[PDB]
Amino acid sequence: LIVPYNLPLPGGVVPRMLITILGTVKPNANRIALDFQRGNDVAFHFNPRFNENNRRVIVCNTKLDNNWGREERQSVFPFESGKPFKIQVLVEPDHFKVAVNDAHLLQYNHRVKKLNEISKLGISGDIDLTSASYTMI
């Protein structure tokens, strides 16, 4: 698939929706981003950074009216340059639950509460994208 990739989420997200993204991190990758969008707002930005001041960190945030909010940072970093990955995002009633390569990684509490209006997922960054799909569990 071509990156950046936009995956429509028809009728928005709902609890029990599972989104699965398969791809490979490019060699010498700098960043990856998943952006769950509510119009111009970003309800959930998931942003692995491979070199922020020589550290590897995952930054999560929300953008409202073009302003970023308080960052939530995770030091556990399961991505590896050059290697294949699987990201699974499970929508639960009160948070997005993210697993990478079948291991739980983090939860992100819903800041944008109109879940039905979060109707696009943007996938960008330094990856080769193999598949992006959803199902109900």
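Throughout, we count residues from 1 along the sequence that is shown.
According to the PDB record, 24 to 32 carries the higher mean C-alpha B-factor of the two stretches 95 to 103 and 24 to 32. Between the stretches 106 to 114 and 46 to 54, it is 46 to 54 that shows the larger average CA temperature factor.
Looking at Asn40, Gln74, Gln88, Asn61, the one whose CA carries the top B-factor in the deposited record is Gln74. Among the modelled residues of its chain, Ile127 has a C-alpha B-factor that falls in the highest third, as given in the PDB entry.
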